[PDB]
Amino acid sequence: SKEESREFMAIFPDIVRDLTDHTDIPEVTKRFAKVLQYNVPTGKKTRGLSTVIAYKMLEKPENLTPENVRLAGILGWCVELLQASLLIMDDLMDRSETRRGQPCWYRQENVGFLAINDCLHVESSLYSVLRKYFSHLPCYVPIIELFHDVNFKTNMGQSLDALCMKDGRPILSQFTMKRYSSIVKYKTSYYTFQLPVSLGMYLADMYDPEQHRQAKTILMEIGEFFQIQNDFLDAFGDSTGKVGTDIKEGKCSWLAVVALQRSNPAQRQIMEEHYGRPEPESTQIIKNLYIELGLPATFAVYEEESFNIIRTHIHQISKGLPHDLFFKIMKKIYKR
Amino acid sequence: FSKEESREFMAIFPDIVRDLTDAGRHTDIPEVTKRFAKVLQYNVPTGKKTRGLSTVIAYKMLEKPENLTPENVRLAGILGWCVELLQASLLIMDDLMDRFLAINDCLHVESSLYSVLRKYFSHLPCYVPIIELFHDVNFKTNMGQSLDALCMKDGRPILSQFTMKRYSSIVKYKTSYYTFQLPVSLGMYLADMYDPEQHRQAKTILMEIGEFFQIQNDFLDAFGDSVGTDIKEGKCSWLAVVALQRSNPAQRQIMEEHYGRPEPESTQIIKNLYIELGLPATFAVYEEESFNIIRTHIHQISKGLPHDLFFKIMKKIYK
Ligand SMILES: CC(C)=CCC/C(Br)=C/COP(=O)(O)OP(=O)(O)O
Ligand SMILES: [Mg+2]
Ligand SMILES: [Mg+2]
Ligand SMILES: [Mg+2]
Ligand SMILES: [Mg+2]
Ligand SMILES: [Mg+2]
């Protein structure tokens with residue numbers, strides 16, 4: 001919706017003012033405004049907007065006031081602040097050139113490893129936003145605890161991802177489907193899928209842990225498909241205006257994991273020799289192996305089977321959770 | 001810090017590691033959880049733990065003697081370890097900018113203190129004041145780190161930025177809030193002391209003590225008996241700030257040419273300039289005058305706050 005998008009985007013400048021406008025240190029508050037402006041509001045705010053839509057589908061219709069929808073928007077921006085902090089740090093760790101076509105924050109003049117402090121600063125800032133707008137509401141402490149717990153879990157995911165590499169070289173013995181599933185769950189699914197929905201639930205005063213658990217079961221399955229589709233399109237997508245670098249980066253990708261499952265010893269040796277190498281010819285060799293191993297056909301089967309399995313699980317959801325929310329998430333990911 | 005206080009405090013650490021690395025819960029990610037145990041063990045419990053123990057001593061000197069149970073003194077110890085988790089995250093961030101530590105270990109160790117707070121304090125009246133204090137001190141400490149960084153550009157110190165106003169702000173935000181205010185305000189909250197005027201009264205004195213602590217530290221970096229790298233690193237130190245205040249144009253030119261250079265000869269040139277500028281005598285005057293002002297302010301402490309706590313902190317720094 002155009003109206004939902006514009007109402008959401010209009011909140012961002014107020015949050016920057018809340019975090020910057022400490023009158024004894026104006027130079028560093030002006031700098032922090034630039035950190036937020038560069039890293040937080042550009043490109044798609046899918047997670048932030050999903051927080052608002054989750055709330056709108058969980059709350060009683062008569063309680064959906066402009067005031068409460070704006071509170072859902074502020075929680076959405078707190079998700080975007082967490083994500084901005086994570087991506088500032090990840091770009092430094094991976095020594096990436098760009099994100100969404102923008103030069104990475106750490107590459108800007110006189111940032112570099114100061115990006116680590118900026119990461120911690122941006123993550124810390126969301127709790128000041130929560131205090132300003134939520135400190136008098138019953139959802140305050142549950143929402144604080146959710147953000148701190150998702151941060152902790154996301155760090156476990158990032159560190160597990162790092163345990164698949166040694167001295168900038170992929171450890172292919174670590175590239176198992178069990179490890180892949182765990183990386184996706186902790187590194188991406190918690191902050192991308194669980195956090196927006198659990199925030200919507202708390203703002204709607206839904207505190208039943210069993211409701212959050214039932215939601216989690218579905219959201220982790222959808223999150224797994226989301227990342228697998230993302231991994232698939234990195235190699236096999238139409239260059240969306242993005243050029244995929246997962247192979248060059250030596251990522252523990254669904255493609256790399258399934259390639260190792262399906263590979264004979266000779267095919268395994270091609271992965272060992274060429275995976276995670278900077279040479280364009282090495283990326284071409286890996287892509288050619290993925291084609292040879294029939295990974296496109298394997299993804300097509302997984303895409304249809306996973307859709308049916310998740311649809312079945314959503315029909316089985318109970319304890320008064322709305323099915324339409326989970327069907328709508330399923331539709332926007334699978335695009336059907 | 002007494003033998004009993006120190007030993008009881010240090011005995012809590014292994015429980016905090018078990019709490020954070022899912023001991024009792026049967027985790028689906030045991031290899032990264034085992035790694036996080038090693039991150040905590042290798043970086044958090046080593047050295048003196050002054051901030052952690054200061055949290056326990058603050059609580060013991062603020063609480064009613066009747067309420068000082070083993071259980072409550074242990075809770076003060078857990079709050080002290082949350083301060084030491086913050087300290088460890090800041091030291092890791094320092095080590096990462098210097099050089100098995102991963103970049104996200106500083107974020108992860110910082111985040112872990114909030115898991116400890118939730119575990120032990122979520123059902124107590126002091127919970128929200130304590131988490132809001134950590135949120136605020138976290139944000140202010142990051143502001144302080146960035147203010148320090150604004151004194152350097154393209155690997156060179158920006159000496160025009162080296163003002164006493166900027167120096168005082170760096171020390172307050174980067175160091176004094178988490179080192180001095182945080183332990184005492186935590187002790188006060190655990191003792192159910194919520195009065196904003198009491199917290200403000202403590203803050204005035206603790207920011208003054210924090211400033212002396214850092215100025216003494218800066219002085220000893222150049223003039224202590226060993227090795228200090230503040231000059232080589234181009235740090236906005238009290239010595240550099242006062243050197244610029246006291247320098248004639250020729251002396252300023254020596255700072256401009258030799259401050260923040262890697263050559264050992266350039267460090268010796270700056271130390272020789274500090275000597276001819278009378279920074280030792282200037283420090284001696286500052287130390288006596290600051291001691292007298294802080295002693296006066298502690299004697300004047302009101303709002304029902306105990307003097308002995310602030311005198312114990314003061315005497316620990318001034319020796
Ligand atoms: C704790 C912490 C800093 C987590 C980062 C989480 C995320 Br989301 C990292 C991004 O994942 P990845 O580097 O695999 O892909 P890309 O950079 O989007 O191409
Ligand atoms: Mg990356
Ligand atoms: Mg990464
Ligand atoms: Mg991708
Ligand atoms: Mg990328
Ligand atoms: Mg020093």
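All chains are named by letter (A, B, ...) in the order of the sequence lines, taking the proteins before the strands, and each is independently numbered beginning at 1. Every heavy atom of this structure was used, including side-chain atoms; hydrogens, water molecules and symmetry mates were not.
Atom OG1 in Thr51(A) sits 12.5 Å away from atom CD1 in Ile74(A) (nearest 0.5 Å). Atom CG of residue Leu82(A) and atom OG of residue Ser125(A) lie 10.0 Å apart, to the nearest 0.5 angstrom. Atom CG of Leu87(A) is separated from atom CZ of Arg99(A) by 4.0 Å, given to the nearest 0.5 angstrom.
The closest donor-acceptor contact from the side chain of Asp91(A) to the backbone of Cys104(A) lies at 3.5 Å or more, if one exists at all. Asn72(B) places no side-chain N or O within donor-acceptor distance of the main-chain N or O of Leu68(B), the cut-off being under 3.5 Å. With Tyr194(B) contributing its side chain and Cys126(B) its backbone, the two residues share a donor-acceptor pair below 3.5 Å. Judged by distance alone, with hydrogens and angles left aside, the side-chain atoms of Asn39(A) form a donor-acceptor pair with the main-chain N or O of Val35(A) at under 3.5 Å. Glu123(A) places no side-chain N or O within 3.5 Å of a backbone atom of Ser85(A) that could act as its donor or acceptor partner. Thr21(B) contributes a side-chain N or O that, together with a main-chain N or O of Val17(B), makes up a donor-acceptor pair within less than 3.5 Å.
The number of heavy atoms from other shown groups lying within 6.0 Å of NZ (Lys34(B)) does not exceed 12. Taking a 6.0 Å sphere around CZ of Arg131(A), one finds it holds 12 or fewer heavy atoms contributed by other residues, nucleotides or ligands. Applying the 6.0 Å contact sphere to NZ of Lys335(A) captures more than 12 heavy atoms from other residues, nucleotides or ligands. Within a 6.0 Å radius of CD in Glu132(B), more than 12 heavy atoms belonging to other residues, nucleotides or ligands are found.
Using a cutoff of 4.0 Å between basic side-chain nitrogens and carboxylate oxygens, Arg31(A) and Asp118(A) are scored as salt-bridged. One finds a salt bridge joining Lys153(A) and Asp149(A) here, because a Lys/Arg side-chain nitrogen approaches an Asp/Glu carboxylate oxygen to under 4.0 Å. Salt bridge status for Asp14(A) with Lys132(A): absent, with no side-chain N to carboxylate O gap under 4.0 Å. Under a 4.0 Å N-O distance rule, the pair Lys319(A)/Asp208(A) qualifies as a salt bridge.
The side-chain heavy atoms of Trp81(B) and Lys49(B), taken from C-beta on, include a pair separated by under 4.5 Å.
With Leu75(A) as the partner, the side-chain contact (heavy atoms from CB on, under 4.5 Å) test is satisfied by one option alone out of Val129(A), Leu130(A), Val52(A), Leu195(A): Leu130(A).
Side-chain rings of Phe134(A) and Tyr202(A) stay apart, their centers remaining 6.0 Å or farther from each other. In summary, the aromatic rings of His315(A) and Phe326(A) are positioned with their centroids too far apart to meet the 6.0 Å limit.
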Practice problem: Determine, stepwise, if the pair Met93(B) / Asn117(A) fulfils side chain to side chain contact (heavy atoms under 4.5 Å, CB included). | Solution: CA-CA 8 Å; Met93(B) 181 169 69; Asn117(A) 185 64; 3.7 Å; yes
Exercise. Begin from the C-alpha positions of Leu321(A) and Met206(A) and carry the test side chain to side chain contact (heavy atoms under 4.5 Å, CB included) through to its verdict.
Key: CA-CA 10 Å; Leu321(A) 278 171; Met206(A) 300 168 67; 4.1 Å; yes
Quiz item: Where do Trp254(A) and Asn230(A) land on the side chain to side chain contact (heavy atoms under 4.5 Å, CB included) test, with the steps shown first?
Solution: CA-CA 9 Å; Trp254(A) 180 85; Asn230(A) 178 281; over 6 Å; no
Exercise. Please test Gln145(B) against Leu114(A) for side chain to side chain contact (heavy atoms under 4.5 Å, CB included), starting from the C-alpha separation and ending with a verdict.
Key: CA-CA 9 Å; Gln145(B) 289 278 346; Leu114(A) 294 172; over 6 Å; no
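At a cut-off of 3.5 Å, with distance as the only test, no side-chain donor of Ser189(A) or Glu224(A) sits close to an acceptor on the other residue. For the 3.5 Å distance criterion, the side chains of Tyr334(A) and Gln229(A) fail to qualify, holding no donor opposite an acceptor. Side-chain contact annotation: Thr46(A) with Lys332(A), donor-acceptor N/O pair under 3.5 Å absent.
Scanning for ring pair (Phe, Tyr, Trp, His ring centres under 6.0 Å) contacts around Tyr114(B) gives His148(A), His135(B), with sequence neighbours left out.
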Scan the side chains in residues 214-222 of chain A for donor-acceptor partners under 3.5 Å anywhere in the protein, sequence neighbours excluded, and list what turns up.
from	atom 1	to	atom 2	distance (Å)
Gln214(A)	OE1	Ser318(A)	N	2.9
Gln214(A)	NE2	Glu210(A)	OE2	3.4
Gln214(A)	NE2	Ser318(A)	OG	3.2
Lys216(A)	NZ	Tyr190(A)	OH	3.1
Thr217(A)	OG1	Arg213(A)	O	3.2
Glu221(A)	OE1	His313(A)	ND1	2.7
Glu221(A)	OE2	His313(A)	ND1	3.1

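Between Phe32(A) and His121(A), the ring-plane angle classifies as parallel under the 30° and 60° cut-offs.
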